[PDB]
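Let me begin by presenting the structure, written as structure tokens, before commenting on it.
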Amino acid sequence: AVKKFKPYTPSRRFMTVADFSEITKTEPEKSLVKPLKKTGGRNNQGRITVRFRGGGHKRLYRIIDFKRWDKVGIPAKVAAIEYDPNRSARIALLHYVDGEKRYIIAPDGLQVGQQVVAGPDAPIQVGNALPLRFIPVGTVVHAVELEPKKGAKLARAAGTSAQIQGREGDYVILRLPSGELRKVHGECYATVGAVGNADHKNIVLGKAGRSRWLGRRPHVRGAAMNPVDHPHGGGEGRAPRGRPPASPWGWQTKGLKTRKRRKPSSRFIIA
Amino acid sequence: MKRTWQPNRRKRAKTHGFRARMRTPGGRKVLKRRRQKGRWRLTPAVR
RNA sequence: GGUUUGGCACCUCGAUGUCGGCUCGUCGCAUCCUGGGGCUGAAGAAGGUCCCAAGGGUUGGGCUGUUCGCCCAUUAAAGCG
RNA sequence: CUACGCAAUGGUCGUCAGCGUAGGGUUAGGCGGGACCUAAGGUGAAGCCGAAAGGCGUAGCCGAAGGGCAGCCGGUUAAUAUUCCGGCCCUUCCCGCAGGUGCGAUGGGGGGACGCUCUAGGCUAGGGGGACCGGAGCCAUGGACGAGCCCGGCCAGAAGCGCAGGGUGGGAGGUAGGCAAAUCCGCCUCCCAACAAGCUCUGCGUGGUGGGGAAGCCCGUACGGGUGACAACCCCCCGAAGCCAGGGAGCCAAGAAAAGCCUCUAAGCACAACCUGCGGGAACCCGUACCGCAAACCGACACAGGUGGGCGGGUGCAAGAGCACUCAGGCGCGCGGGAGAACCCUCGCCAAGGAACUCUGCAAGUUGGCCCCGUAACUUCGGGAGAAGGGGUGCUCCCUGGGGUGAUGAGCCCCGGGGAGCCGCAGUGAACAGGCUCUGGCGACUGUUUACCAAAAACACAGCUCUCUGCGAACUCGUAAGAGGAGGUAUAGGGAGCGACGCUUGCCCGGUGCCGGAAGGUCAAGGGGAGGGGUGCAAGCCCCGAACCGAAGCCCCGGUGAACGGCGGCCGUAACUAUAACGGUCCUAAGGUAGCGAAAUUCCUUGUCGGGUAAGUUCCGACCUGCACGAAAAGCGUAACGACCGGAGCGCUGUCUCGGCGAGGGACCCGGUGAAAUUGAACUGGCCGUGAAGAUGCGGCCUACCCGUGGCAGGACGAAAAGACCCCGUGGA
RNA sequence: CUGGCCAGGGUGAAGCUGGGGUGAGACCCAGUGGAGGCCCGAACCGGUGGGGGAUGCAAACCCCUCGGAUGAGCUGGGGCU
RNA sequence: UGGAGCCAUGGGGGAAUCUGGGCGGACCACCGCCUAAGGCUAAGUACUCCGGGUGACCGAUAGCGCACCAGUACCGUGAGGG
RNA sequence: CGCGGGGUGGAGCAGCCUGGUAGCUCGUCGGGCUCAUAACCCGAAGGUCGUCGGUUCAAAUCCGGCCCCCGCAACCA
RNA sequence: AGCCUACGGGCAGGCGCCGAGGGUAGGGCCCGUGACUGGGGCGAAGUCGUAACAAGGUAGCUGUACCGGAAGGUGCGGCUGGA
RNA sequence: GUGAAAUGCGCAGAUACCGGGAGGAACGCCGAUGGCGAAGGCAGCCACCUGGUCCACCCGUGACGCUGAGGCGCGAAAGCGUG
Ligand SMILES: [Mg+2]
Ligand SMILES: [Mg+2]
Ligand SMILES: [Mg+2]
Ligand SMILES: [Mg+2]
Ligand SMILES: [Mg+2]
Ligand SMILES: [Mg+2]
Ligand SMILES: [Mg+2]
Ligand SMILES: [Mg+2]
Ligand SMILES: [Mg+2]
Ligand SMILES: [Mg+2]
Ligand SMILES: [Mg+2]
Ligand SMILES: [Mg+2]
Ligand SMILES: [Mg+2]
Ligand SMILES: [Mg+2]
Ligand SMILES: [Mg+2]
Ligand SMILES: [Mg+2]
Ligand SMILES: [Mg+2]
Ligand SMILES: [Mg+2]
Ligand SMILES: [Mg+2]
Ligand SMILES: [Mg+2]
Ligand SMILES: [Mg+2]
Ligand SMILES: [Mg+2]
Ligand SMILES: [Mg+2]
Ligand SMILES: [Mg+2]
Ligand SMILES: [Mg+2]
Ligand SMILES: [Mg+2]
Ligand SMILES: [Mg+2]
Ligand SMILES: [Mg+2]
Ligand SMILES: [Mg+2]
Ligand SMILES: [Mg+2]
Ligand SMILES: [Mg+2]
Ligand SMILES: [Mg+2]
Ligand SMILES: [Mg+2]
Ligand SMILES: [Mg+2]
Ligand SMILES: [Mg+2]
Ligand SMILES: [Mg+2]
Ligand SMILES: [Mg+2]
Ligand SMILES: [Mg+2]
Ligand SMILES: [Mg+2]
Ligand SMILES: [Mg+2]
Ligand SMILES: [Mg+2]
Ligand SMILES: [Mg+2]
Ligand SMILES: [Mg+2]
Ligand SMILES: [Mg+2]
Ligand SMILES: [Mg+2]
Ligand SMILES: [Mg+2]
Ligand SMILES: [Mg+2]
Ligand SMILES: [Mg+2]
Ligand SMILES: [Mg+2]
Ligand SMILES: [Mg+2]
Ligand SMILES: [Mg+2]
Ligand SMILES: [Mg+2]
Ligand SMILES: [Mg+2]
Ligand SMILES: [Mg+2]
Ligand SMILES: [Mg+2]
Ligand SMILES: [Mg+2]
Ligand SMILES: [Mg+2]
Ligand SMILES: [Mg+2]
Ligand SMILES: [Mg+2]
Ligand SMILES: [Mg+2]
Ligand SMILES: [Mg+2]
Ligand SMILES: [Mg+2]
Ligand SMILES: [Mg+2]
Ligand SMILES: [Mg+2]
Ligand SMILES: [Mg+2]
Ligand SMILES: [Mg+2]
Ligand SMILES: [Mg+2]
Ligand SMILES: [Mg+2]
Ligand SMILES: [Mg+2]
Ligand SMILES: [Mg+2]
Ligand SMILES: [Mg+2]
Ligand SMILES: [Mg+2]
Ligand SMILES: [Mg+2]
Ligand SMILES: [Mg+2]
Ligand SMILES: [Mg+2]
Ligand SMILES: [Mg+2]
Ligand SMILES: [Mg+2]
Ligand SMILES: [Mg+2]
Ligand SMILES: [Mg+2]
Ligand SMILES: [Mg+2]
Ligand SMILES: [Mg+2]
Ligand SMILES: [Mg+2]
Ligand SMILES: [Mg+2]
Ligand SMILES: [Mg+2]
Ligand SMILES: [Mg+2]
Ligand SMILES: [Mg+2]
Ligand SMILES: [Mg+2]
Ligand SMILES: [Mg+2]
Ligand SMILES: [Mg+2]
Ligand SMILES: [Mg+2]
Ligand SMILES: [Mg+2]
Ligand SMILES: [Mg+2]
Ligand SMILES: [Mg+2]
Ligand SMILES: [Mg+2]
Ligand SMILES: [Mg+2]
Ligand SMILES: [Mg+2]
Ligand SMILES: [Mg+2]
Ligand SMILES: [Mg+2]
Ligand SMILES: [Mg+2]
Ligand SMILES: [Mg+2]
Ligand SMILES: [Mg+2]
Ligand SMILES: [Mg+2]
Ligand SMILES: [Mg+2]
Ligand SMILES: [Mg+2]
Ligand SMILES: [Mg+2]
Ligand SMILES: [Mg+2]
Ligand SMILES: [Mg+2]
Ligand SMILES: [Mg+2]
Ligand SMILES: [Mg+2]
Ligand SMILES: [Mg+2]
Ligand SMILES: [Mg+2]
Ligand SMILES: [Mg+2]
Ligand SMILES: [Mg+2]
Ligand SMILES: [Mg+2]
Ligand SMILES: [Mg+2]
Ligand SMILES: [Mg+2]
Ligand SMILES: [Mg+2]
Ligand SMILES: [Mg+2]
Ligand SMILES: [Mg+2]
Ligand SMILES: [Mg+2]
Ligand SMILES: [Mg+2]
Ligand SMILES: [Mg+2]
Ligand SMILES: [Mg+2]
Ligand SMILES: [Mg+2]
Ligand SMILES: [Mg+2]
Ligand SMILES: [Mg+2]
Ligand SMILES: [Mg+2]
Ligand SMILES: [Mg+2]
Ligand SMILES: [Mg+2]
Ligand SMILES: [Mg+2]
Ligand SMILES: [Mg+2]
Ligand SMILES: [Mg+2]
Ligand SMILES: [Mg+2]
Ligand SMILES: [Mg+2]
Ligand SMILES: [Mg+2]
Ligand SMILES: [Mg+2]
Ligand SMILES: [Mg+2]
Ligand SMILES: [Mg+2]
Ligand SMILES: [Mg+2]
Ligand SMILES: [Mg+2]
Ligand SMILES: [Mg+2]
Ligand SMILES: [Mg+2]
Ligand SMILES: [Mg+2]
Ligand SMILES: [Mg+2]
Ligand SMILES: [Mg+2]
Ligand SMILES: [Mg+2]
Ligand SMILES: [Mg+2]
Ligand SMILES: [Mg+2]
Ligand SMILES: [Mg+2]
Ligand SMILES: [Mg+2]
Ligand SMILES: [Mg+2]
Ligand SMILES: [Mg+2]
Ligand SMILES: [Mg+2]
Ligand SMILES: [Mg+2]
Ligand SMILES: [Mg+2]
Ligand SMILES: [Mg+2]
Ligand SMILES: [Mg+2]
Ligand SMILES: [Mg+2]
Ligand SMILES: [Mg+2]
Ligand SMILES: [Mg+2]
Ligand SMILES: [Mg+2]
């Protein structure tokens, strides 16, 4: 729903927060799976390779299960839905009858106590996972694999989801969140339903910090720097680029397509 | 106000120390120059 | 005449601080007052013009960085360099 | 620390010292490190990469103010003490004895283990009282033998006790999981038990007992030593930010790891082995002086600077770590003595006036705390608000309402209400302590910045749009391996511009860019070889070489503006006149829309009108011939915010008319120590003039005894810096 | 990466609890509560204006004044570019 | 880059064993030289930390930076300066 | 004042470089259509090519001199 | 401290509350006036077009919305007071 | 495509025809001077939740009624905000 605030301070006149009823019943993670020291640092061996990162609340990493074919046929009860600082979506902690516990990216609709499972056999109901091929054309699904047995990599951001368009050989056709039509292998798993916490796009950070809490440092505009620093830099008293929108590295930034032309990965897309 | 020199034994050993000089080929050469020159200390004196 | 704008490029570029104000002046007279005087289209009072004469005087504000101007209120006068 | 010393070091002196010579002095199983653990990171078996050097890198290893681990109170030294000593209390190992039990890992599980803010109940630290307890003493100077004044009335302490809390359900079955090996975890099922008890673990009180124990007086160089009493060692009250701790509640930004430690079983081995007792033994290495907001550290100096953590008492003031005075403790800043000039600094006061000062109220003043009335436009309903503008404030006595602790009653603390009355010029009587308002520009806002001349209207910012990116993503770093991105996946990540919010953001794809176009035009190597050449007696061996087939790119076709960008000229025309709704024509890719407008933009210009002033190149409101606004290098607004820049008032002033007096630190005189830049040499006057055209130094004339001290700054084209401007150099960046 | 620090006041958001209100609601009152790049202000961080200093106490300092002060906060130690 | 052979070789193609194969400055033909794709090999040559011998070499601002307790004092985080 | 573009029927543009040819739209005059005016239709007239000179056989046209118009530039102190 | 008294007391006098009014400050309502500006009404002469009344020569009209020298055009829906 | 045209689209293979696919909006015939609702307004079919309304029987309550300033709700199209 998104909580709003009376303006008892500026910045808090526009600030909106998530509706945390969803999570409830469980705030502290599963000391079992989850607990994974996560490494920070906005750069590799020395130098920074992604500007403006750093700072931001400490963060523990919940380890989720991105390949469900691990436990085919073994069902599990959705023990709880909890908060996760490492992704837009929320996570659902589920106990398998097996006795084993895992974290699944919590789909929209999924509820506590509800039972779920993954496999060809599996019933087509929100929360279950099956190779795309055994999923009714049309239904909406998330956490899709690209190549079989390689892990889920498609549609995992809060409220995202892909839809089955049709079949064509060992391949099934998907319309990914971006709107792209890509042929994906039938053997690739996917869990039925859409992601969830779709109100995510509706939060208004509010102040300059907050943006800081999320570990996002200030971003300084090109024109504002000097000729040495950026192509847009320089010029006496405020100015307009000087043609044509570029990045600090020299390449154009308004329109220039970037994906590898001869990439084999094409011949499987169309959008 | 706060000046440049801010003494720290660990810092100094780790930085200009003999063991350190020895790792990098550059450091090795330092020692080589200093020895060849006849310095009494190949490394900063520290205890 | 040497106060303006310039012309020339002679000392000064191993440096001659470049507007305005403030402070402190001092000098010139081509005199703004005050003192003498001749003409007058000078009745008188008040002026005009020129001559002699700096001894001393030569205000306080509004505006603008201003110099300068314009303006308010005075003044014997609110001098120019 | 001590004994001898004073050349030098000490900004003076020096018998002194952080100085010279010499001799002493630092004591640990429990404090801190290491024979424990892991963090970032470092290193690095395997493995990958790289011309060499070398770069990556799983495990492992290293790496700590983090985790883990057994000492509290006193006493002694000239100098060390949780280290030596005394009392009380512990920890590991090794061996032996007894009693227990499937004992047993580098493995499995549990646990360790965690945020921010606000917080409950108990305690403790610490502190204030006391008519009570114990003390040497003291009645001064008018009064007091007084419930007088003065000093002290604690610390540590095993078991056992109590008072507060913290952790935790107990069973019995199955069992596809914990890279099954488990009686342990984990999941299901079901008797029992449950905003508990029991079992445990802390903190606190008590505890056998052991320490400590003043003021004053006597000795006393130093440091302290008897004193002191068989000292007393008790009762209230205030009370933590600390303890019980892993307590509780709320919140979003969602809050280390590993070992110790429990437990489970594996090999193994069960005459092992662990577990609990009880004895007797064993217990290493390194640090320990002294300085430590400073004269011992970083600043060349005994330098007004800089340096992390804890304690930091009392009274008063609304509170407090604030302010004033003050304990304990520590200091008077390593040149002094005089004077009583100008002038400088820091400071106090001022008649009348009250911004007239000035670029500008710069500076200084005014105002200031708390309690009570009472407060406007506007607004995004939070705000504007401490708006403004007022009143109260001390002390005395009477009456009276609640709280906490006690016990419902007493003292002791904590908030109040109502009457009378007293004294000053004055009651937040000293110190801490906003001046206010109106109106513009810019920027929404807190924030950031040029370390050392700029804190801003600049950057950032939430937010808006564009654009790239389907994941071995794009993008960045790297020769590479690899890494970041991200253990993320289009509600995401990169790039760009704009910059809360409100209302909006027009027209032009000619040129440039990017996007789309399986056709054409052009196009390299290469494929192809018509045809030609050089040589050979030759078969041949060599060369050139046209057709034609040949990518991307470019041409070409089309799209695209929150892509780079651009957004007209000249004539005429309506009752006086003006002006031109209208028209003509040339040109363009298309001719600037809304909204603003002499503006952070207006040259002419102090435009012209209004306003405010006695007077207004500024300021505010208008007009619009906008030299040269204009929509996301945004356009026009906007409450709130601002050490931003402008204009006005009121208040109050030494800013000023216009200056006067006073204070202290210097300046001045004496004693001590004693620099510096600069300096061709000097026996170094004025005026006219001359001179490379601005002379102490030439000429003429004038003035002028020799030498200093306090002062002033016109000159010595005074000092400083081989001019930063200007040009030059076939100089540099 | 791991630790530490931020006196004392003030304002009084959401939530709860009770009452009101309606068919049920929304909503409205009190009380409670204790939010915030909130307010005043020490430590701590800073460096606005003025004066002083200018062979300095100081190769950036002193005094007065001023900004922030639960946060995009300040800070010790261990690291990396 | 030249008429550009010879020697080496990153890429592509890719033989022969003396009727074999390289060279004699494009290329042919003659005439002639030599045996590639494995390896070793003193001496004559270079240098001077060290020892000695000389000097129309210095003589303490010279000569090494150092005649002397010098790569020291001191300066710098450090390399380094000295 | 320094560079450069420009004055051609009543208005607004061609023609100038590649000298002998003044073209275009509108307007003005005549005549039709209409009851009448526009509009539309048919037919005409109108230009010292700014000005004084120069080159040539001939100058709007090429060369110079002023006369006006429009647009740039007027920097470092 | 005064004056009278029949020594109880009265008077003058002094203090306090209230108080016409004056003053300071901030609000509320109403009136007048103001560079310039918006729209309105009337116009015997102007300029521009022709929207409507006859299918008024695109049926008109209407709420709303965008645009245009102007009347007005166009979209969405609606009415008949048109066929 | 129009009155006629042109702009535009097309030899880079359009129009016309067949096959497959995606997607959005509206529901032909039935359909009417028809029905439903308080109004606005409501049209493929299916199911669920639900309002109003009419007929018959005279069974029950026993004037419990009508209107309705204010209040409250609904309210075509266009328009506005977030997605
Ligand atoms: Mg690394
Ligand atoms: Mg930015
Ligand atoms: Mg810049
Ligand atoms: Mg560029
Ligand atoms: Mg560049
Ligand atoms: Mg500019
Ligand atoms: Mg630029
Ligand atoms: Mg130094
Ligand atoms: Mg250290
Ligand atoms: Mg030695
Ligand atoms: Mg002169
Ligand atoms: Mg001159
Ligand atoms: Mg000359
Ligand atoms: Mg010069
Ligand atoms: Mg000189
Ligand atoms: Mg005269
Ligand atoms: Mg007369
Ligand atoms: Mg002595
Ligand atoms: Mg001395
Ligand atoms: Mg000594
Ligand atoms: Mg050992
Ligand atoms: Mg170790
Ligand atoms: Mg280790
Ligand atoms: Mg590690
Ligand atoms: Mg390494
Ligand atoms: Mg490692
Ligand atoms: Mg440690
Ligand atoms: Mg520790
Ligand atoms: Mg000591
Ligand atoms: Mg002991
Ligand atoms: Mg066991
Ligand atoms: Mg663990
Ligand atoms: Mg007495
Ligand atoms: Mg006491
Ligand atoms: Mg005790
Ligand atoms: Mg408490
Ligand atoms: Mg380990
Ligand atoms: Mg010590
Ligand atoms: Mg200090
Ligand atoms: Mg300290
Ligand atoms: Mg000293
Ligand atoms: Mg000091
Ligand atoms: Mg400090
Ligand atoms: Mg107090
Ligand atoms: Mg106080
Ligand atoms: Mg203090
Ligand atoms: Mg003392
Ligand atoms: Mg005065
Ligand atoms: Mg006075
Ligand atoms: Mg006054
Ligand atoms: Mg003035
Ligand atoms: Mg003045
Ligand atoms: Mg001031
Ligand atoms: Mg304000
Ligand atoms: Mg008193
Ligand atoms: Mg208590
Ligand atoms: Mg105060
Ligand atoms: Mg104040
Ligand atoms: Mg202005
Ligand atoms: Mg700002
Ligand atoms: Mg600066
Ligand atoms: Mg500031
Ligand atoms: Mg915005
Ligand atoms: Mg490469
Ligand atoms: Mg990662
Ligand atoms: Mg982005
Ligand atoms: Mg993006
Ligand atoms: Mg901007
Ligand atoms: Mg337009
Ligand atoms: Mg284009
Ligand atoms: Mg264009
Ligand atoms: Mg185009
Ligand atoms: Mg292209
Ligand atoms: Mg070819
Ligand atoms: Mg041939
Ligand atoms: Mg091509
Ligand atoms: Mg006319
Ligand atoms: Mg007329
Ligand atoms: Mg007329
Ligand atoms: Mg313009
Ligand atoms: Mg306009
Ligand atoms: Mg003006
Ligand atoms: Mg302008
Ligand atoms: Mg102007
Ligand atoms: Mg001007
Ligand atoms: Mg006026
Ligand atoms: Mg004034
Ligand atoms: Mg005026
Ligand atoms: Mg002024
Ligand atoms: Mg104005
Ligand atoms: Mg602009
Ligand atoms: Mg635009
Ligand atoms: Mg723009
Ligand atoms: Mg802006
Ligand atoms: Mg504006
Ligand atoms: Mg600020
Ligand atoms: Mg500011
Ligand atoms: Mg202002
Ligand atoms: Mg004095
Ligand atoms: Mg002396
Ligand atoms: Mg002279
Ligand atoms: Mg002479
Ligand atoms: Mg002379
Ligand atoms: Mg003198
Ligand atoms: Mg002087
Ligand atoms: Mg001078
Ligand atoms: Mg000089
Ligand atoms: Mg020079
Ligand atoms: Mg360079
Ligand atoms: Mg409340
Ligand atoms: Mg704050
Ligand atoms: Mg503050
Ligand atoms: Mg502190
Ligand atoms: Mg600091
Ligand atoms: Mg700073
Ligand atoms: Mg400071
Ligand atoms: Mg300052
Ligand atoms: Mg500054
Ligand atoms: Mg200063
Ligand atoms: Mg100064
Ligand atoms: Mg000075
Ligand atoms: Mg203050
Ligand atoms: Mg402050
Ligand atoms: Mg730090
Ligand atoms: Mg460090
Ligand atoms: Mg080869
Ligand atoms: Mg080869
Ligand atoms: Mg053979
Ligand atoms: Mg060969
Ligand atoms: Mg060859
Ligand atoms: Mg050959
Ligand atoms: Mg040869
Ligand atoms: Mg040969
Ligand atoms: Mg060989
Ligand atoms: Mg051989
Ligand atoms: Mg060899
Ligand atoms: Mg050899
Ligand atoms: Mg030799
Ligand atoms: Mg020498
Ligand atoms: Mg000698
Ligand atoms: Mg040093
Ligand atoms: Mg050193
Ligand atoms: Mg003409
Ligand atoms: Mg006619
Ligand atoms: Mg006609
Ligand atoms: Mg220039
Ligand atoms: Mg009254
Ligand atoms: Mg009025
Ligand atoms: Mg009118
Ligand atoms: Mg009509
Ligand atoms: Mg019509
Ligand atoms: Mg019509
Ligand atoms: Mg309409
Ligand atoms: Mg239209
Ligand atoms: Mg219609
Ligand atoms: Mg029904
Ligand atoms: Mg009845
Ligand atoms: Mg509606
Ligand atoms: Mg609608
Ligand atoms: Mg709109
Ligand atoms: Mg909408």
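In the structure tokens, the first chain shown is A, the next is B, and so on; residue numbers restart at 1 for each chain, and ligands run from 1 in the order shown.
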
If we count only C-alpha atoms (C1' of nucleotides), what is near residue I:79 at a cut-off of 12 Å, once residues fewer than 5 positions away on the same chain are taken out, given as a PDB file with C-alpha atoms (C1' of nucleotides), in the first residue's frame?
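Contents of the output file out_12.pdb:
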ATOM      1  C1'   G H  63     -21.107  20.505 -21.369  1.00  0.00           C
ATOM      2  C1'   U H  64     -16.166  19.872 -21.858  1.00  0.00           C
ATOM      3  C1'   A H  65     -11.518  19.887 -24.109  1.00  0.00           C
ATOM      4  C1'   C H  66      -7.427  21.702 -27.412  1.00  0.00           C
ATOM      5  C1'   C H  76     -15.766  13.229 -27.052  1.00  0.00           C
TER       6        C H  76
END

Surroundings of ligand 62 up to 8 Å, based on only C-alpha atoms (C1' of nucleotides) and all ligand atoms, as a list in words
residues 455, 643 and 644 of chain D; 48 and 67 of chain E

Spatial neighbours of residue E:31, max dist 12 Å, only C-alpha atoms (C1' of nucleotides), sep filter under 5 positions, as a ChimeraX atom specification
/E:16-19

Residues from last step as file, N, CA and C atoms (P, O5', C5', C4', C3', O3' and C1' of nucleotides), as a PDB file, in the first residue's frame:
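The result, stored in part_17.pdb:
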ATOM      1  P     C E  16      -3.640   0.916  15.164  1.00  0.00           P
ATOM      2  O5'   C E  16      -3.904   0.008  16.435  1.00  0.00           O
ATOM      3  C5'   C E  16      -4.531   0.542  17.591  1.00  0.00           C
ATOM      4  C4'   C E  16      -3.595   0.482  18.767  1.00  0.00           C
ATOM      5  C3'   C E  16      -4.343   0.699  20.065  1.00  0.00           C
ATOM      6  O3'   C E  16      -4.880  -0.538  20.503  1.00  0.00           O
ATOM      7  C1'   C E  16      -2.538   2.209  19.965  1.00  0.00           C
ATOM      8  P     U E  17      -6.460  -0.801  20.372  1.00  0.00           P
ATOM      9  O5'   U E  17      -7.040  -0.075  21.667  1.00  0.00           O
ATOM     10  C5'   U E  17      -6.542  -0.416  22.973  1.00  0.00           C
ATOM     11  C4'   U E  17      -6.925   0.636  23.991  1.00  0.00           C
ATOM     12  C3'   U E  17      -8.344   1.172  23.936  1.00  0.00           C
ATOM     13  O3'   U E  17      -9.298   0.293  24.498  1.00  0.00           O
ATOM     14  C1'   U E  17      -6.840   2.975  24.238  1.00  0.00           C
ATOM     15  P     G E  18     -10.775   0.240  23.872  1.00  0.00           P
ATOM     16  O5'   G E  18     -11.460   1.574  24.416  1.00  0.00           O
ATOM     17  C5'   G E  18     -11.638   1.787  25.833  1.00  0.00           C
ATOM     18  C4'   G E  18     -12.120   3.193  26.110  1.00  0.00           C
ATOM     19  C3'   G E  18     -13.309   3.665  25.290  1.00  0.00           C
ATOM     20  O3'   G E  18     -14.559   3.202  25.774  1.00  0.00           O
ATOM     21  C1'   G E  18     -11.641   5.337  25.262  1.00  0.00           C
ATOM     22  P     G E  19     -15.798   3.081  24.755  1.00  0.00           P
ATOM     23  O5'   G E  19     -16.225   4.596  24.494  1.00  0.00           O
ATOM     24  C5'   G E  19     -16.611   5.441  25.594  1.00  0.00           C
ATOM     25  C4'   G E  19     -16.765   6.876  25.144  1.00  0.00           C
ATOM     26  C3'   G E  19     -17.695   7.135  23.968  1.00  0.00           C
ATOM     27  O3'   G E  19     -19.065   7.174  24.325  1.00  0.00           O
ATOM     28  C1'   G E  19     -15.699   8.370  23.678  1.00  0.00           C
TER      29        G E  19
END

Stretch 1-11 of chain G surroundings by only C-alpha atoms (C1' of nucleotides), 6 Å radius, close-in-sequence under 3 positions cut, as a list in words
residues 571 of chain D; 46, 47, 49 and 50 of chain G

Write down as a PyMOL selection string the residues of stretch 2-184 of chain A whose backbone DSSP state falls under helix (DSSP H, G or I).
chain A and resi 68-71+132-134

DSSP on the backbone, strand (DSSP E or B) only: what residues of stretch 104-262 of chain A does that give? Format it as a VMD selection string.
chain A and resid 104 to 105 115 to 116 118 129 to 131 140 to 142 144 to 145 152 to 154 162 to 168 171 to 175 181 to 185 189 to 192 216 223 225 246 252

When you look at residue G:29 with a cut-off of 12 Å (counting only C-alpha atoms (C1' of nucleotides)), what residues show up, excluding the ones that are within fewer than 2 positions of it in the same chain? I need them as a PDB file with C-alpha atoms (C1' of nucleotides), in the first residue's frame.
ATOM      1  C1'   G G  27      -0.824  46.896 -57.823  1.00  0.00           C
ATOM      2  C1'   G G  31     -13.553  46.132 -71.245  1.00  0.00           C
ATOM      3  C1'   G G  43      -6.545  43.490 -73.218  1.00  0.00           C
ATOM      4  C1'   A G  44      -3.010  47.300 -72.383  1.00  0.00           C
ATOM      5  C1'   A G  45       0.346  51.099 -70.371  1.00  0.00           C
ATOM      6  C1'   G G  46       4.654  51.608 -66.640  1.00  0.00           C
TER       7        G G  46
END

Which chains and residue numbers are within 10 Å of ligand 137, counting only C-alpha atoms (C1' of nucleotides) and all ligand atoms, if I want them as a PDB file with N, CA and C atoms (P, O5', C5', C4', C3', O3' and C1' of nucleotides), in the first residue's frame?
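Wrote out_7.pdb, looks like this:
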ATOM      1  P     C F  40      76.045 -26.215 -28.135  1.00  0.00           P
ATOM      2  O5'   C F  40      77.459 -26.875 -27.822  1.00  0.00           O
ATOM      3  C5'   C F  40      77.693 -27.565 -26.581  1.00  0.00           C
ATOM      4  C4'   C F  40      79.094 -28.132 -26.547  1.00  0.00           C
ATOM      5  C3'   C F  40      80.239 -27.135 -26.622  1.00  0.00           C
ATOM      6  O3'   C F  40      80.566 -26.591 -25.352  1.00  0.00           O
ATOM      7  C1'   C F  40      80.641 -28.925 -28.120  1.00  0.00           C
ATOM      8  P     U F  41      81.354 -25.194 -25.269  1.00  0.00           P
ATOM      9  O5'   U F  41      82.696 -25.455 -26.082  1.00  0.00           O
ATOM     10  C5'   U F  41      83.708 -26.319 -25.553  1.00  0.00           C
ATOM     11  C4'   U F  41      84.901 -26.357 -26.464  1.00  0.00           C
ATOM     12  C3'   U F  41      85.449 -25.017 -26.909  1.00  0.00           C
ATOM     13  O3'   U F  41      86.276 -24.479 -25.912  1.00  0.00           O
ATOM     14  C1'   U F  41      85.348 -26.481 -28.757  1.00  0.00           C
ATOM     15  P     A F  42      86.272 -22.900 -25.636  1.00  0.00           P
ATOM     16  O5'   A F  42      87.204 -22.822 -24.343  1.00  0.00           O
ATOM     17  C5'   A F  42      88.335 -21.952 -24.289  1.00  0.00           C
ATOM     18  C4'   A F  42      89.625 -22.742 -24.218  1.00  0.00           C
ATOM     19  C3'   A F  42      90.790 -21.813 -24.486  1.00  0.00           C
ATOM     20  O3'   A F  42      91.200 -21.238 -23.264  1.00  0.00           O
ATOM     21  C1'   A F  42      90.928 -23.696 -25.929  1.00  0.00           C
TER      22        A F  42
END

Protein and nucleic acid residues within 9 Å of ligand 74 (only C-alpha atoms (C1' of nucleotides) and all ligand atoms) as number ranges by chain
D: 525-528, 550

Pull C-alpha atoms (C1' of nucleotides) from the residues just selected and write them as a PDB file, in the first residue's frame.
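Result file again.pdb:
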ATOM      1  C1'   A D 525      42.552  -8.168 -49.255  1.00  0.00           C
ATOM      2  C1'   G D 526      41.505 -12.328 -51.617  1.00  0.00           C
ATOM      3  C1'   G D 527      39.120 -15.389 -55.841  1.00  0.00           C
ATOM      4  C1'   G D 528      39.558 -14.876 -61.368  1.00  0.00           C
ATOM      5  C1'   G D 550      34.417  -9.659 -53.253  1.00  0.00           C
TER       6        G D 550
END
